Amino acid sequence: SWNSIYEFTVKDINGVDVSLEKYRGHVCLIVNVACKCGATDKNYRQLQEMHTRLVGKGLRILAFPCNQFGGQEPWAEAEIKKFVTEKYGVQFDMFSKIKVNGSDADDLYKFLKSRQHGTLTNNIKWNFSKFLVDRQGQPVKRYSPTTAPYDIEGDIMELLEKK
């Protein structure tokens, strides 16, 4: 019966559980991440630039580490946090590691995938897929891993302009 992302609670990268009610009224870009992928640098760099450009306008970027793709997120949370903060200066919201596929996927990802279908098949295909969520907590677009974060900015602006 879940009707929006606000129904879910997740553990942040510091081990602090937070309800996604926190994000009511903001546009969210939800990204599954990994530190040991060939596109790690470009995704984190562009996400941090987009955070800096758009956080004041209502964008919230949420990054969920996940080790389901090629064993590319093997580290624990403290090490992930240190890596991304020291290398990229990440200021957006980082979470504890989850699964995005299978029956043990976080309910947030079960929900996201139930709202926006992937290309051909529905499982998350690799690290750095993106879901765009409007100011009412509705997932309204999904982008494949190879989509540069910058190419999502136009769609973000449309949703930021809405009430």
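Position 1 is the first residue in the sequence shown; the rest follow in order.
Split the chain's modelled residues into thirds by C-alpha temperature factor. Residue 91 is in the lowest one. When the CA B factors of the chain's modelled residues are split into thirds, the value for residue 39 lands in the middle one.
The entry lists a Cα temperature factor for residue 120 that places it in the highest third of the chain's modelled residues. Among the modelled residues of its chain, residue 54 has a C-alpha B-factor that falls in the middle third according to the deposited record. Remark: residue 104 belongs to the highest third of its chain, ranked by C-alpha B-factor as recorded.
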